[PDB]
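As they're listed, the protein sequences go chains A and C.
Going by PDB author numbering, the letters in the first sequence line up with residues 2 to 147, in that order.
Going by PDB author numbering, the letters in the second sequence line up with residues 1611 to 1638, in that order.
Only one structure is covered here, and it is reproduced in the block below.
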Amino acid sequence: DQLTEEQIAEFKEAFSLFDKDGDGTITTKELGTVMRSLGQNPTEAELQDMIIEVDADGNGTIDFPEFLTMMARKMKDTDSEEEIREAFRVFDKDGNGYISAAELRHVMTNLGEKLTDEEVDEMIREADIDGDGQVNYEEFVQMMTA
Amino acid sequence: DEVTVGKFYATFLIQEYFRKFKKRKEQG
Ligand SMILES: [Ca+2]
Ligand SMILES: [Ca+2]
Ligand SMILES: [Ca+2]
Ligand SMILES: [Ca+2]
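Okay, here's the thing in structure tokens:
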């Protein structure tokens, strides 16, 4: 139940990715723009569905308290395998089952915290168990569970 | 539910991975 100041800051940083204009609410339009920047192409009906599921009052947008309520509860879910696969799909935008340095760099630039190109190479190398220069799904699961 | 919630939580998990990586690398 207990949330730390650091956990709240982490959830705030996740919220700020979707609130493109920084005005305090996530709109359906912003959600679509961010999803497409992460290589996905949701339908307008899917976008409206996602807003409605998080929007606790009726006003049609997501504010941070609504976002935090959903994320703090998700922190107590046990389906870790499904969440890690969703993260894998964010990186693996071409769906070939392997994350390249270029795919990692692309996600990095969209999500905020900057990594140098040397750090991108290092992150790939340290997860690349079999040494083909890319991160497959089973390597990614081990990376994300450490 | 898990489909919608999962997209938002996935970006958190990725941001956390990057943040922990950078913090550990620069640990004094
Ligand atoms: Ca906004
Ligand atoms: Ca609302
Ligand atoms: Ca790929
Ligand atoms: Ca590999």
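Ideal Cβ placement from N, Cα and C applies to all residues, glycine included.
Amino acids of chain C, ordered along the chain, whose beta-carbon sits closer than 8 Å to that of residue i
{"i": "residue 91 of chain A", "result": "1620, 1621, 1624"}
{"i": "residue 113 of chain A", "result": "1625"}
{"i": "residue 54 of chain A", "result": "1611, 1614, 1615"}
Short CB-CB distance (under 8 Å) between residue i and chain A
{"i": "residue 1632 of chain C", "result": "yes"}
{"i": "residue 1638 of chain C", "result": "no"}
First through last residue of the alpha helix (DSSP H) which encompasses residue i
{"i": "residue 1614 of chain C", "result": "1612-1636"}
{"i": "residue 9 of chain A", "result": "6-19"}
{"i": "residue 34 of chain A", "result": "29-38"}
{"i": "residue 3 of chain A", "result": "No alpha helix (DSSP H) contains residue 3 of chain A, which DSSP labels as neither H nor E."}
Interface flag, residue i vs chain C, CB-CB below 8 Å
{"i": "residue 4 of chain A", "result": "no"}
{"i": "residue 69 of chain A", "result": "no"}
{"i": "residue 136 of chain A", "result": "no"}
{"i": "residue 75 of chain A", "result": "yes"}
{"i": "residue 1 of chain A", "result": "The question about residue 1 of chain A has no answer, for chain A in this structure spans 2 to 147."}
{"i": "residue 64 of chain A", "result": "no"}
{"i": "residue 121 of chain A", "result": "no"}
{"i": "residue 128 of chain A", "result": "no"}
Contacts of residue i in chain C (Cβ-Cβ under 9 Å)
{"i": "residue 11 of chain A", "result": "1622, 1625, 1626, 1629"}
Integer Cβ distance of residue i from residue j, believed to fall under 8 Å
{"i": "residue 1627 of chain C", "j": "residue 145 of chain A", "result": "6 Å"}
**Message:** What ranges does the alpha helix (DSSP H) occupy inside the segment 54-120 of chain A, keeping only unbroken runs of at least 4 residues that lie completely in it?
**Reply:** Taking only runs of at least 4 residues, the alpha helix (DSSP H) segments lying wholly in the segment 54-120 of chain A are 65-75, 81-92, 102-112.
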